[PDB]
Amino acid sequence: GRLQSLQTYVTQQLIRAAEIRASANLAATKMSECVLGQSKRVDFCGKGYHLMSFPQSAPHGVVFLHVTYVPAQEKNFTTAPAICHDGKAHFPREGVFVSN
Amino acid sequence: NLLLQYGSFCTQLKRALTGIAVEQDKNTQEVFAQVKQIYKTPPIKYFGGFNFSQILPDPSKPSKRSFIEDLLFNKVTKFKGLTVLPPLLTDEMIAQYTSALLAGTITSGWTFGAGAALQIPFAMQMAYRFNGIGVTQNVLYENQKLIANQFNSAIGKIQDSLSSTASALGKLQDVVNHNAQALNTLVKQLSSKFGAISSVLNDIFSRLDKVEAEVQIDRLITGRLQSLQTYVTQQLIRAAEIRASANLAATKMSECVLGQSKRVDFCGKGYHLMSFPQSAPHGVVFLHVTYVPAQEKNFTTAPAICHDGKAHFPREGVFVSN
Amino acid sequence: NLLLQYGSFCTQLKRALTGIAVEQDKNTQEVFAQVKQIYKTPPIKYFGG
Amino acid sequence: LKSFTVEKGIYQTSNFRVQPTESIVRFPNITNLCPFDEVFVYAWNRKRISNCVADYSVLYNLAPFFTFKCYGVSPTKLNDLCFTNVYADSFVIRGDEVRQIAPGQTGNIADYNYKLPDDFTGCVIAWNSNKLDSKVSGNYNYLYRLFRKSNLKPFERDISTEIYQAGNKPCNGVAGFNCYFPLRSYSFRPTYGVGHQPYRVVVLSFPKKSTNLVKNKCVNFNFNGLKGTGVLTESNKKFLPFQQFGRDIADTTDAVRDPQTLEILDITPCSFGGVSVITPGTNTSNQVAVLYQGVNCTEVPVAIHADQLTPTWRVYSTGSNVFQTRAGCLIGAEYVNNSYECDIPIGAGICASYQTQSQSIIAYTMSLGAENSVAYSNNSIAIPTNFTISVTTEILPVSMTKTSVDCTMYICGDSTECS
Amino acid sequence: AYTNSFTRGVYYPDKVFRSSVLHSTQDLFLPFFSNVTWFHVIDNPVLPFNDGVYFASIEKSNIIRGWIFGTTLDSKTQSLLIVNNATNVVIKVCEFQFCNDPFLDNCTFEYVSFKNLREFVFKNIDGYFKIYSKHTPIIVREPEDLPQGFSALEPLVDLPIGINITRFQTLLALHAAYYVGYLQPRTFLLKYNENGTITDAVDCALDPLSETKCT
Ligand SMILES: *[C@@H]1O[C@H](CO)[C@@H](O[C@@H]2O[C@H](CO)[C@@H](O[C@@H]3O[C@H](CO)[C@@H](O)[C@H](O)[C@@H]3O)[C@H](O)[C@H]2NC(C)=O)[C@H](O)[C@H]1NC(C)=O
Ligand SMILES: *[C@@H]1O[C@H](CO)[C@@H](O[C@@H]2O[C@H](CO)[C@@H](O)[C@H](O)[C@H]2NC(C)=O)[C@H](O)[C@H]1NC(C)=O
Ligand SMILES: *[C@@H]1O[C@H](CO)[C@@H](O[C@@H]2O[C@H](CO)[C@@H](O)[C@H](O)[C@H]2NC(C)=O)[C@H](O)[C@H]1NC(C)=O
Ligand SMILES: *[C@@H]1O[C@H](CO)[C@@H](O[C@@H]2O[C@H](CO)[C@@H](O)[C@H](O)[C@H]2NC(C)=O)[C@H](O)[C@H]1NC(C)=O
Ligand SMILES: *[C@@H]1O[C@H](CO)[C@@H](O[C@@H]2O[C@H](CO)[C@@H](O)[C@H](O)[C@H]2NC(C)=O)[C@H](O)[C@H]1NC(C)=O
Ligand SMILES: *[C@@H]1O[C@H](CO)[C@@H](O)[C@H](O)[C@H]1NC(C)=O
Ligand SMILES: *[C@@H]1O[C@H](CO)[C@@H](O)[C@H](O)[C@H]1NC(C)=O
Ligand SMILES: *[C@@H]1O[C@H](CO)[C@@H](O)[C@H](O)[C@H]1NC(C)=O
Ligand SMILES: *[C@@H]1O[C@H](CO)[C@@H](O)[C@H](O)[C@H]1NC(C)=O
Ligand SMILES: *[C@@H]1O[C@H](CO)[C@@H](O)[C@H](O)[C@H]1NC(C)=O
Ligand SMILES: *[C@@H]1O[C@H](CO)[C@@H](O)[C@H](O)[C@H]1NC(C)=O
């Protein structure tokens, strides 16, 4: 009975160690891709367009402070994909053709 | 009273199964509840010639499930001390989440995932998807009807594939099959004798004296407790695997439905454009819309060009001759 | 004959080990079989130096 | 929880476990009343009463039979006792020799006619039969022995009429003094006393009834030795005429056939379900709701705590606020049409909270989010003119507590024998 | 002589109703496609009993009338005798024999109950004698021998006699063909329909395909 009671505890510790190792691999990936660089992955490091991150220690863990850029004040505009000029179709190199 | 001599084995299995049952609802919340506002489409369904009638919800059905979701729900097909708890989120709520995500994706693109939803015409949105993968946006506006026709044909092929081949949902069938097989084996372990004289307790307690009838009942108790422990351990391992799959599903949803992916072969073969979520029995189905180059041609190339002693390098693209 | 009375434990372990043995080949196929056609090199081994 | 303070949430405590109070026993009515009416000196009237269940209660309860001595078994257990053979020897015995019929006792008949062992297993029933076995100027139909060469042993088949020789003169078929016959007559008369009166002695040398049926109620039942507990519900499963029990996929007793009437009864083993406790924290209040999992709300007051049950309370089970969810029966919470965020989950889109509608536990459908609609047009765009900078917090575990186990010390305290 | 038993000899192992299921059991069964012994009536030699006897009779004139069982059949110990006398069925355990040559014109037990095919199974477990039977009409001729098909066998008579049986002999009427097979311990996967009738069976030790089916 005592050997079975020990074996159950060791099996549950093995399962919990696998889960904790998966979380630690995710944390290492987050640190490498967001603290040591800039992430283009959507919602990987903070909601919005990710700017940077800061790591902080914690009891049995890590805490990331994600600095992100969020657009705030919106406005309607009348848009068009291209513009005719002397029989030529002009397309924007970057940005949006708008009109007020 | 004989089972009371064993202690906390009879409650730690309850604790582990309660943790698994909470973790399933946590997985469903993390996969589907990624949008804060339930968006909905305008009644005009002209999205630049693109046809979305198969994935948008149909009001003719009682539930708010689309045609593809109805096909996925149709393609996918205990009593003795066992209870099956219902999920916290019903299929109507899951369909409302998928409808809100798909409506937000169609009407805005990146912006409903990056913050507030920003309306934009769908031709301009797909032109920006083309500009995100190294193709200039004039190629779309000179081929918009062809792109819309190809997308409509590729959407229409999926219904035929799902109606003909029902073996595509192998993982979602295997989840139900594994749970049913585990429950059936756990129930059918009751009739085993485990080295005792009988599998019925009344026969042991009526045909035998107490002072070793207790030993026979102890043998039966030990065998049934071992079977329960084996079932709980297998459920724990399967729950860990399902949690890993749910984390991958939430990652794909966030990085492909809510945005555009630059990772190679993460969301469909080829150059990724966008994606669609659909609910499914114990799962999610992503329709990945991708761009694949088709018709090759040979050309003679060069790295740079001399002109009056100056080396000219291309800003964008390669040099071809004919 | 005494072991026949215990139940379906042997079938449980056979099913689990069969699933593991299928999963190993699935892992090998998923890692390596990512190409459609077997490409072969040109006979002249000169790639930019 | 093994703690005096309960935090906010849902907690599972026990099971429902509706219990029975009644027992049904059912058997065929072929009791096989043994032919004791056909029974009740040397060539025995030994009738092998077998292949039937013997009812000695008739002989015990009717008027004429008087003596009910029994040896080997108790005289009151006879109707509960089964036999391979009931050796009944109906005899006509004089009362002075009736007093000698006992295990291990000697006497005239017990020494010269037949013997009984000290460990004799049987019963003796006797009554005076003067009007049937007494004749004028003596009854000579029964002959007994007052002489024998040597004392007997039990169950020794001895039927003989040879002359016993006691004198020196050889008799050899001619009787006389010291040339004695075995056979002598007691010569029964109606004028004799009780010690000389003949008794009709039967030396019996060596079953559960069926009760009425109760349907549509969860009772304990027994059908031909098949014991169970469940609701004996009328069904329509087509049994084969030799088939008497029905089984499920899981080899459990799903249907039975009554041995008296050929009806097919489906069995449902009462009702069970987890009794979850929905509470806010005890730091705030002590109001408690109770959820029975998988149980209809119209059967909890039927299986109320007055009925035998593993719940034995009535504070939060006496009706009042009763709601039927797909998880089961929720008692102690009021359904509110307003939808909020999920505070304490229940199942199938139902949550519960502690709100001032003063404060009480309410139940509601969960709210997915705020309804929104995008003003989509094919020539209109929306462009931000400003921004904001957001610093969010994400918390991740990395490593847990490292442990180590001394197995020898854990299993054996300080025992070298255990090591 | 020998002929092919096909899929005959399947009986109900217990009085348990099961609806639309595949149930695996291990009992004394007749193996599929086994050599069943052929006999024609113009004899009736004494044959062993072993673990069990499967009997098949194809006739219209009802020549076959009964059986006699026993270890020695020398009128020294108990010997079974089952005879249908065209009005009833008589079962006796008497020592003596009805005729010196067995034909049809102290006992501790007594019990009274090519168009025709009758199938029987006699087995003796812990002394208890079990008889399974199936009476059917057939159209086909005596060539093809046993009919190639499926038919379940239903129990009729259980006996508490406790009599050892090693030899047996059929008893005819004098003023038709039969087949004798032997039961062996086999594992069968029986198929139960909605009404509990055994619709089909699979012999787990015949070929690897049925071994895979039982697996
Ligand atoms: C986008 O695709 C849908 C579906 O392909 C088009 O809707 C119409 O869908 C029905 C079936 O749902 C098609 O079949 C028709 O069914 C009706 C009712 O059973 C029947 O009376 C007709 O004879 C026909 O069989 C129908 O062809 C289809 N309509 C068209 C014009 O194809 C929808 O029109 C598509 N939208 C765009 C903008 O392409
Ligand atoms: C752009 O114009 C549209 C015109 O429809 C605006 O949509 C309306 O916004 C108001 C204010 O919230 C709502 O009361 C209406 O119900 C909206 N119309 C519809 C049809 O839903 C939209 O808000 C404008 N956007 C900006 C940034 O000015
Ligand atoms: C037991 O005896 C009774 C005789 O009454 C039989 O049970 C039923 O009794 C009623 C009384 O009128 C009859 O109308 C029925 O025909 C009887 N039979 C049934 C099946 O209901 C019963 O047959 C006897 N045997 C058993 C085994 O119960
Ligand atoms: C719980 O019990 C109620 C009993 O009222 C069921 O509701 C229906 O009630 C009507 C009476 O007004 C009955 O005629 C119906 O037969 C009941 N329906 C059913 C399906 O039995 C209610 O459905 C029950 N809930 C369950 C069984 O989940
Ligand atoms: C864009 O938003 C910012 C943020 O509010 C405005 O800047 C000022 O910010 C301070 C603190 O952040 C506030 O106390 C002031 O009230 C804001 N000014 C005003 C006029 O509201 C900024 O003005 C906004 N507009 C732009 C940049 O055009
Ligand atoms: C190309 O241009 C360079 C520089 O103008 C010159 O030296 C050379 O002769 C030209 N022709 C070739 C074949 O390289
Ligand atoms: C909820 O709505 C139903 C339907 O209109 C109504 O009958 C019921 O009284 C409402 N309950 C509350 C608490 O508003
Ligand atoms: C653009 O949208 C308007 C409604 O806002 C609609 O009437 C019109 O048909 C659309 N344009 C095309 C080309 O369909
Ligand atoms: C069955 O009989 C045939 C013909 O007599 C013979 O060839 C075959 O070997 C026999 N099979 C067995 C298993 O006895
Ligand atoms: C016939 O009687 C003898 C002596 O009692 C007995 O051994 C034998 O078994 C009897 N025969 C039968 C068939 O019962
Ligand atoms: C057949 O045997 C039974 C039982 O011995 C008897 O009742 C019946 O009359 C017999 N029939 C004939 C035709 O002899």
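Residue numbering: from 1, along the chain as shown.
Every residue, even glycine, has its Cβ placed from backbone N, Cα and C.
Some features that Swiss-Prot has for this protein:
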{"type": "DISULFID", "residues": "E:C94-E:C107", "note": "disulfide bond"}
{"type": "DISULFID", "residues": "E:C204-E:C214", "note": "disulfide bond"}
{"type": "CARBOHYD", "residues": "E:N35", "note": "N-linked glycosylation site"}
{"type": "CARBOHYD", "residues": "E:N85", "note": "N-linked glycosylation site"}
{"type": "CARBOHYD", "residues": "E:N106", "note": "N-linked glycosylation site"}
{"type": "CARBOHYD", "residues": "E:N164", "note": "N-linked glycosylation site"}
{"type": "CARBOHYD", "residues": "E:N195", "note": "N-linked glycosylation site"}
{"type": "REGION", "residues": "E:193-214", "note": "region 'Putative superantigen'"}
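Positions of Swiss-Prot features highlighted on the structure.
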residue : record                      : Cβ contacts under 8 Å, 6 or more apart
E:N35   : N-linked glycosylation site : E:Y2, E:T3, E:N4, E:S5
E:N85   : N-linked glycosylation site : E:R65, E:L104
E:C94   : disulfide bond              : E:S79, E:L81, E:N106, E:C107
E:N164  : N-linked glycosylation site : E:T71, E:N124, E:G127
E:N195  : N-linked glycosylation site : E:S19
E:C204  : disulfide bond              : E:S24, E:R186, E:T187, E:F188, E:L189, E:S210, E:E211, E:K213, E:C214
Margin query: If proximity means a C-beta under 8 angstroms from chain D, which of E:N85, E:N106, E:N195 count? These are the glycosylation sites.
Written below: E:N195
Notebook entry, point to check: Near ligand 9, which of the recorded positions E:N106, E:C107, E:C204 have CB less than 6 Å from any of its atoms?
Noted result: none
Check: Judged by the number of other CB atoms within 10 angstroms, which among E:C107, E:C214 is the least packed of the disulfide-bonded residues?
Finding: E:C107
Check: Where does E:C94 (disulfide bond) sit in the DSSP three-state scheme?
Finding: coil
Next item on the list: Run through the region 'Putative superantigen' (E:193-214) and tell me, per DSSP, how many residues are helix, strand and coil.
Entry: 7 helix, 6 strand, 9 coil
Check: Which recorded positions among E:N35, E:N85, E:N106, E:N164, E:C204 have CB under 6 Å of ligand 10?
Finding: E:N106
Check: CB neighbours of E:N106 (N-linked glycosylation site) within 10 A?
Finding: 7
Item checked: Secondary-structure category, per DSSP, in which E:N35 (N-linked glycosylation site) falls -> strand
Note to self: According to DSSP, collapsed to three classes, what secondary structure does E:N164 (N-linked glycosylation site) have?
What the structure shows: coil
